[PDB]
């Protein structure tokens, strides 16, 4: 009928973890895959990554950052509330082989998204360096969790309030300039961050994979809402990805397409806030 919320955890301001009862998805989910959710009958469908699974509990875990109407409304949900629709696991699993040294880069909520991939890379015998990017100290989360599946962790804050000062890319550029051996870079975060990572590694010829985050509706290949240009060819991220070779992605097109509904997104958020002012 619907999907029970087993547990909710506030990981940082605006970053909410939900453990959801879904034995089918837990049984089949692999690192890198995602779900579409819809909260209620008037809601929209949105994609969220499967950040963890617990087969013994028949559960999956998603971590949703509050960025607009649907994720703000989701952030109010409690354990024992229900998510009306959860479709998964979607997308192609991350490709896990022995590469050598893998640098996993998570920006913001991308830190939750990279955890299952980092864990799978480590289990395959890779040397794993995880770069975690946050805006400021109070947004830092899952440092210990990522350390548990990494050989090295580098935490960055834009303002230097915790860890290394600067962007994810500053930490990565430091590793490159030190001459560290790097066989693969995986980036998950805001499109602006993934573009910046791709542009930094391209001159060095370092293989770089990004998990793309375009607009999605059905998430099953029916519509092309999620389309991207990769190596000059149109691909649908929900079925052909969402991971692609970052050096072949048209980043400016992806960012253009992600901005298209900005005015309507604002109208919807403003309506929700306006209608809950009285108390």
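Residue numbers count along the first chain shown, from 1.
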Open item on the list: If you take the mean CA temperature factor per stretch, which one wins between 55-63 and 236-244?
Closed with: 55-63
- [ ] Tell me which of 171-179 and 70-78 has the higher mean C-alpha B-factor in the deposited entry.
- [x] 171-179
- [ ] Between 140, 84, 209, 153, let me know which has the highest C-alpha B-factor in the entry?
- [x] 153
Task: Candidate residues 202, 119, 92, 186, the one whose C-alpha B factor the record puts highest - done: 202
Open item on the list: Ranking every modelled residue in this chain by its Cα temperature factor as given in the entry, which third contains residue 33?
Closed with: lowest
Task: CA B-factor ranking of residue 109, expressed as a third of its chain - done: lowest
Task: residue 258, C-alpha B-factor rank within chain (lowest, middle or highest third) - done: middle
- [ ] State the tercile, meaning the lowest, middle or highest third, of residue 19 with respect to the CA B-factors recorded for its chain.
- [x] lowest
Open item on the list: Per the entry's values, where does residue 1 land by CA temperature factor relative to the rest of its chain, in the lowest, middle or highest third?
Closed with: highest
